[PDB]
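Any read-out appearing in this document is the output of simple, stated calculations on the displayed coordinates, not a laboratory observation. Positions of Cβ are backbone-derived with ideal geometry, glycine not excepted, and every protein chain shown enters the neighbour counts.
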Amino acid sequence: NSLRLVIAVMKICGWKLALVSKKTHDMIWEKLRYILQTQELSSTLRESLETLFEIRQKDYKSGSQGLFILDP
Amino acid sequence: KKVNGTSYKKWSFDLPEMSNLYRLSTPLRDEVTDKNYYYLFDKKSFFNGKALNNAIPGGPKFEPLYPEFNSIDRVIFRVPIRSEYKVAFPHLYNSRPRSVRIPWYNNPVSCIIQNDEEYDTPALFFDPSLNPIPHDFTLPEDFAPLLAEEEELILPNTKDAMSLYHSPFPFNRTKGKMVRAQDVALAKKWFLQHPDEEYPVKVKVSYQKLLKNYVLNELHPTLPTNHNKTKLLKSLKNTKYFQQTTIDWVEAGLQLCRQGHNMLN
Amino acid sequence: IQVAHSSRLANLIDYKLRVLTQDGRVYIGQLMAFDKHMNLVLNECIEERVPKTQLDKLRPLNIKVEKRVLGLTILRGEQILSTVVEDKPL
Amino acid sequence: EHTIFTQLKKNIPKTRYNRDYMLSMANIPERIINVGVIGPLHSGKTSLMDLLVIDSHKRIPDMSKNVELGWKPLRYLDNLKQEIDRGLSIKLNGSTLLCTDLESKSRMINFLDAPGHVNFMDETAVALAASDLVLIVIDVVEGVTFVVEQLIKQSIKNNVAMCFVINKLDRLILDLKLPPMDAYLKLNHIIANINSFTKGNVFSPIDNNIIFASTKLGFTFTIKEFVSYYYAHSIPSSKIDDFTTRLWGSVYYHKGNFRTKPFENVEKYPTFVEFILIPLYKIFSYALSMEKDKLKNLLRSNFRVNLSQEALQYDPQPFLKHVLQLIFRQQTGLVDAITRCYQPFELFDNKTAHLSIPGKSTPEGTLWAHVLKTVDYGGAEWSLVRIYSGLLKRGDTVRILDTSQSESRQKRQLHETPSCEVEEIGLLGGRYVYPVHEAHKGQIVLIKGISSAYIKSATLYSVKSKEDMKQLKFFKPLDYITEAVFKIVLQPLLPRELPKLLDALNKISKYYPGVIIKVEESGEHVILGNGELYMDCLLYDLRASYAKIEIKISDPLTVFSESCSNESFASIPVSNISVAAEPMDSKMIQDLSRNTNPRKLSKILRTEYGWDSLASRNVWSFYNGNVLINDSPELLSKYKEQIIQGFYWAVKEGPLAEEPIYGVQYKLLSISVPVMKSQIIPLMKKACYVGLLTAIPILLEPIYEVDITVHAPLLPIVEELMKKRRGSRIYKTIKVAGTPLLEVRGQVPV
Amino acid sequence: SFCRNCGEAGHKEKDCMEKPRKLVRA
Amino acid sequence: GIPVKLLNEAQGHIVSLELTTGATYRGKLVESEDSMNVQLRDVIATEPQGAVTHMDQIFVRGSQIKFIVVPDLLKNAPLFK
Amino acid sequence: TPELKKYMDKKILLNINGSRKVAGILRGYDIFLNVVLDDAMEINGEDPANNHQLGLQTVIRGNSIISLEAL
RNA sequence: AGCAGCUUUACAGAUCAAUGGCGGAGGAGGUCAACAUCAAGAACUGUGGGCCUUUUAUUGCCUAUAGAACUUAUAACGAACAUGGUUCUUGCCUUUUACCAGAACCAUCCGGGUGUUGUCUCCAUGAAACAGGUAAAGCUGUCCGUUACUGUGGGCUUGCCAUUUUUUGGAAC
Ligand SMILES: Nc1nc2c(ncn2[C@@H]2O[C@H](COP(=O)(O)OP(=O)(O)OP(=O)(O)O)[C@@H](O)[C@H]2O)c(=O)[nH]1
Ligand SMILES: [Mg+2]
Ligand SMILES: [Zn+2]
């Protein structure tokens, strides 16, 4: 239950993980959302989880925008 | 079971059949479920544009229906009065709104979440688009909730039923009356909506002209007279000089060619 | 009036009944409703009683019964001895 | 051309009950409830009234097959031509219905269906003034938006009871596709938002204060209603209440036992989900996708309802509505909630005091009534009246005092009213008026003949004798909530038609309570309204129904106000009495804008505002957000009244552009004099102008608050729009939980 | 964006040349 | 059942009770219960021997009520439908 | 419950079984209509000479209450 | 589920006179026909009572009651959509036709719903006999079957699921 790292990993690779393993990816989302909606989170964690939901809601690639990206 | 009979006047289909017809119709069926799509792009706003001699983008153009105060030194210029405002609030933004028909104000913002995309995604799911929601006594042991006998909340056809439920007419219905093949206006929906792509000028002009004809038909109805009497073919059939038979359509067309040729010659 | 031998109170709605109470009075009226306690609703109810002055005539005949017109009346079931049919519905 | 109204007695729809019995309710005050249906735009108020109207009537002539099947709403109360074409309510309408609760006890209920658009907040204010209880209908998707907060606050201030109708639950099931557990979390979130504004008064589904509904699909229910219909028969009667109270919150059930935590290895949902939401979802799911045979047997076995052979042929939406209407029946649980929630013994006295003045109860033998507004109803002009005391009979002579005079008469009374005849009385019926011979305390009724004696609202009374006349109370002018700041100037196209316009403007001024219509000194007419839709509606009424003449109008304008940003640089006197001015403190401006003895007032000023000892005593008047301060007292006290009058004239037409002065404190610094009064007033006005001009005069513009509901990906577009509108700013962005929407709050100059 | 019907990118469902389921001139 | 619903429907009308003690109370029905406990207001009490006394309010235990006379206009209240 | 809330802390006169009368301040009540009285007094006739103060706490059993009158 | 009540379309047993209850003496279709009706105070007929009109024939209004198919509220048989005439104002023009395109007032045309009756096709055919009556009939005489009590089954109620406000006695003298 080290959500602070799960959130950080998901921001960066979740959008590819959703193309490659949509089964486990949507399990990790149903787990992460159950936490957000039903658990007594600490604020600094909570606002980073909610910001991961904003990311999925509107631009799921926006977690890997700012990195250096060499073309394929 | 599916049709009233060989007179072919009424139909009644089951959910999986309607679903299959709706699915086969995707290239020609109507996809705009949100009524707000037509804001300032509907029959009444076109009537207002015509009456006001104002032409909104992509809308039809018509001949004008009609041929100290508000001087610029006394007017406070803050925002230009767009033509869209003149049709949105035609009484407020026009001094002489003659022949204006007040439009429908608005419809609640649509929140229909879309589906049928991934074969095994259920009917009920928390779509990525939704915001999260981040906020002794005893009874008989056999007491249970209503409908507990049914374990399956979502049935195999539930997604289709919800999709058909939101679809525009006629896929919204499971029964109905037959219509003439010529009364199915397949292409009409395309020009009643905004052009789906940035097409060439000649295409956009065709869209506008088709809309113009539609608006004129809506503005000037020609009601049929209730006097159904003396219809031609029924009148002729009553005489001994006309007989009936069944033939191939191509044979009938060739006969009509030969007959018309004889008449004119 | 003669009524069917299988008749329960549930059948006697709109019939005119004589309802006899434990204090010696009778209530006559069209039955509108009844309850598991035998609470009764009598429409257009009239009460009759035999005054103590006239009661001696009943000992081993014309009796001048006193009447009150009540109207729509609720009888509480514990006060009721028995009920008798007087008349059929209209 | 103006309304769909039943003009013929013969065609008035027959009620299912006897109307003579309902009228026999009316002589009992405690068997009448006045219910105001309020809530945001399109929340479903008129549809809820459609349910009550259809329950109450045998056959409605105006009901098409499309409406009976449920393809389109009846919109019975939206019978105006404008309301039909625009698709929203514009005017207050209502109906008097005999409603039975779950114990079959009937009451007369006067329902008032108020418009939801913020532009028509004046009609909502009338509904609040007229009602005992209000049903706040909330759209479950958007939830407690800012307009819901305002309606809740306004209801508390008006001393009405509340019940909340969480409407459009079908959108959770069919539109959003939320799974039932997340729909429960959404409902719980909504209720928690509701409770955050209701002060300490808790609102909960187990208290029946929350009613769940889908007016489109014809159903409403409360937990008590649902239990009595379908669960009470399976459990001991002595346990029904204990069961009902456990159908909400963190309660879990398994095998006849309840727990505050989920049972081990069971993973079931809370009791509300298991006993209420899941079966509702199953009703939706099965009616839409289950085979009619199996469904018919399920509905017979569980709900004991029998589908007719015709119903089996219905199309999906009509069939779903039909099934839901069979299961949920009539609006009995909503009536039961209404009727238990209102308690007159703890609300009615506070209401009557709030709407008039605190004091003694009105004698039972004297007629007293509040003339709420005048309505253009059924092709005639009527007055909406609530009888507060006595009996009003057809043909009675009554005294109608225009409520603008109430303050004057109140002051004169503590130390002549137009008389007119009640030519007709009638109950509200939405599309008909049912005539009655008299009206009792507690009724809301339409009266004809008195509407000529007043403009906005009035007090109707008929004192028995000069003794009781001492105790007569006069109703205050209704607080229309919003202030009309959207402005347009107009004049007739043809001058010959100016008198027709005058008559039409008088009608508008009477039919549109919140409108302010004034003839300016240049001869052009000014109309102030709540917004662009408000103006568009009244202009349509002028051109199409009341004036029937062509009218030239200006582009939209706004009501400015004049103020000062710094103290006056010099004590300049005037002649034809020097006055000075200062920028009023923000705190006092705000509290005066919300309308919140000489020694008491001096305490207020000294403790919260810190004014000095003299200022806290020498305040002569408070007017339109301004203050006059007098700082030998006998030398000045001779003309206090005339000085005040001059100040009143100055504050409504300032020196910059004769616009209202606002937010300034004026202090009288000297007097120029020892038949004299004629000079004192105009000179004091001139002094105020100088007092302002000698400061740093500034112009103030009204700022609209804006509530934007939008899909969340489009928030950049709203951002750009706000950037492109001068002086507009975004102050908040709430996520609407469980939906794709955002609520974006900001400000825009009018 | 990938077409829901045929997976190929470049066109939406309504524009798909494959039946719904579940070189050019110079 | 219906008799109790009828009594709760008489609320606010003038009703006349007779008690087991023989006394008669006529007054406006303020409140009623499934027990038939009733509250009356502005009440004329007739002693069984004929004495008449006025009382501002009376609460009567339902077990002591013999019969209740309600107004006849209740005969077509919705409860009977 | 008997809805006796109106009567709390007020004087009441209870006509109880056996043609007896008791006056007292209603201190509380019960589902059975049992009541507690402060300052209770037995009432015998009109003359106060025949009335008798009862005690500090008096409990009256609910089936014994025929009626109560507000005072 | 068992027990209890109500109800009776079926089966069994008992009964089987009368009387009562219940049910009955074609069905589905047709690119068949005729007739009627389909845009209006939101705007429908009839039976009953009152007034007016009407002058022997019925109209209008008020009141009481019964039924109101189809069509319609972002108004309309038609989720569709042509043409013509007259007048006005325009366009291109070189005169008319043929035309431009806005309006107003009117028509035609291609189609549609519902009701009633007839007809046509296919399939069926314990009582379809005889007589009266009606616009007609499932109306009357008449005929046939079943039913009344019990058992089993079906449907409904949702009662059971002696301790202060009802029904396991403050009554009796
Ligand atoms: N999905 C859904 N739509 C509804 C429901 N109730 C009403 N609507 C729709 O919402 C729109 C507005 O409904 P109204 O009943 O007029 O709402 P309203 O509250 O009276 O609106 P205003 O008075 O104008 O503010 C209509 O299109 C209704 O069909 C509902 O329960 N579910
Ligand atoms: Mg509305
Ligand atoms: Zn494709």
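Some notes on this structure:
- Mean Cβ count within 10 Å, highest first, over the residues of peptides D:441-450, D:9-18, D:364-373: D:441-450, D:364-373, D:9-18
- Each helix, a run of at least 4 DSSP H residues, gives -39500 (n - 2.57); summed and divided by the residues of chain B, these come to -9000 deg cm²/dmol at 222 nm.
- Considering all different alpha carbon pairs of chain D, the Kirkwood hydrodynamic radius works out to 29.0 Å.
- A cut-off under 14 angstrom between Cβ atoms defines the neighbours of D:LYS186, and their net charge, with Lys, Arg +1 and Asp, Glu -1, is -1.
- Sorted peptide list for B:250-259, F:59-68, E:4-13, criterion being average Cβ within 10 angstrom, highest first: F:59-68, E:4-13, B:250-259
- Shielding value for D:727-736 is 1, the average number of Cβ atoms from other chains within 10 Å of each residue's Cβ.
- Peptides D:579-587, D:179-187 ordered by average Cβ neighbours within 10 Å, highest first: D:179-187, D:579-587
- Shielding of peptide B:98-110 by partners, expressed as the average count of other chain Cβ atoms within 10 Å per residue Cβ, is 5.
- Each part reduced to its alpha carbon centroid, the stretch D:416-484 and the stretch D:187-214 end up 35 Å apart.
- Each part reduced to its alpha carbon centroid, the stretch C:5-78 and the stretch D:491-522 end up 72 Å apart.
- The stretch F:1-26-the stretch B:17-73 distance, computed between alpha-carbon centres (Å): 67 Å
- For D:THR733, the residues 5 or more places off, or on other chains, whose built amide H falls under 5 Å of its own are D:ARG745.
- Spatially proximal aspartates and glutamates relative to D:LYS723 (Cα-Cα < 18 Å; intrachain offsets below 8 disregarded): D:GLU705, D:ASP707, D:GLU743
- Largest first and in whole Å, the equivalent-ellipsoid semi-axes of chain G read 19, 13, 11, each the square root of five times a Cα gyration tensor eigenvalue.
- 22 Å Cα-Cα reach of D:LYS603 towards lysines, excluding residues that sit fewer than 8 places from it in its own chain: D:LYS587, D:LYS667
- Largest-first principal axis extents, alpha carbons of the protein assembly as shown, Å: 127, 108, 85
- Number of partner chain Cβ atoms within 10 Å, mean per residue of D:551-560: 5
- Exceeding the 25 Å Cα-Cα cut-off - candidates D:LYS9/D:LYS45; B:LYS209/E:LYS12; D:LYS282/F:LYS5; A:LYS58/D:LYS186: D:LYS9/D:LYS45; B:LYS209/E:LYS12; D:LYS282/F:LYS5
- When the pairs B:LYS204/D:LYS724; D:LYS105/F:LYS75; D:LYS239/G:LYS5 are compared against a 21 Å limit on Cα-Cα distance, B:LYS204/D:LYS724; D:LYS239/G:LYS5 fall above it.
- Beta bridges by DSSP in the protein assembly as shown, antiparallel share as percent, to the nearest 5: 90 percent
- Chain D - mean residue ellipticity at 222 nm from DSSP helices (-39,500 (n - 2.57) per run, n ≥ 4, rounded to 500): -9000 deg cm²/dmol
- Under a model in which nothing but the beta-carbon of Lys, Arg (+1) and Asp, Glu (-1) is charged, chain G shows a dipole of about 180 debye around its Cα centre.
- Beta bridges per DSSP with both ends in chain D, % antiparallel, nearest 5: 80 percent
- Listed residues C:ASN39, C:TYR27, C:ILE74: farthest to the positive end of the dipole of the stretch C:9-85 (Cβ charges): C:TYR27
- Too-long pairs where the Cα-Cα distance tops 24 Å, listed order kept, from B:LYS43/B:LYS229; D:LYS507/D:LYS548; B:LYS212/E:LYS19; A:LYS11/D:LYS735; A:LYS23/D:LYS177; B:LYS9/B:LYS237: B:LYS43/B:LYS229; B:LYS212/E:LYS19
- Under 14 Å from D:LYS199, Cα to Cα: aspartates and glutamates that are on another chain or at least 8 residues apart: D:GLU149
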